[PDB]
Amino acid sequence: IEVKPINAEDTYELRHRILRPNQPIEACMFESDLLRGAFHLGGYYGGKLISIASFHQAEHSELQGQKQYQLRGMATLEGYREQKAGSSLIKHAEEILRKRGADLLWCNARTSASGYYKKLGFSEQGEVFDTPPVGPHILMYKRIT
């Protein structure tokens, strides 16, 4: 897997295909892409973008740490999962975040992906909640100090 910077617009196709296929493409144009300091990473394999992840500064009222970042749009294409594409994006992002002085990385994780974030050292906080129309989510976080 090769991890490279990508632009926000480069994420829409895979966000749409993997995360939100039953909504218009506009549902994948996350407003948070337009928040200060947002950045995006792609994982490439055999000449194809196959994994994506997006990060921006956002301090969650319920997590402790002066500077926090949120992960959105975490997805790897079927056929290319279980290759450490996702893990590679997260580790690369952790370097960028640590260099920026961020204290923690959090996600409103799909409960179906909770084991993935667990393997990457995230913890669950609070209770499972629903996010229309994309189902059960749970707050998860990793302290990176």
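The first residue of the sequence shown is number 1, and the count goes up from there.
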Can you let me know which of the two, 6-14 or 19-27, has the higher average C-alpha B-factor in the entry? 19-27
Between the two ranges 58-66 and 83-91, the one averaging a larger CA B factor in the entry: 58-66
Per the deposited B-factor column, the C-alpha that peaks among 40, 98, 118, 48 belongs to 118
Please place residue 108 in the lowest, middle or highest third of its chain according to the CA B-factor in the PDB entry. middle
For residue 32, does the deposited CA B-factor place it in the lowest, middle or highest third of the chain? middle
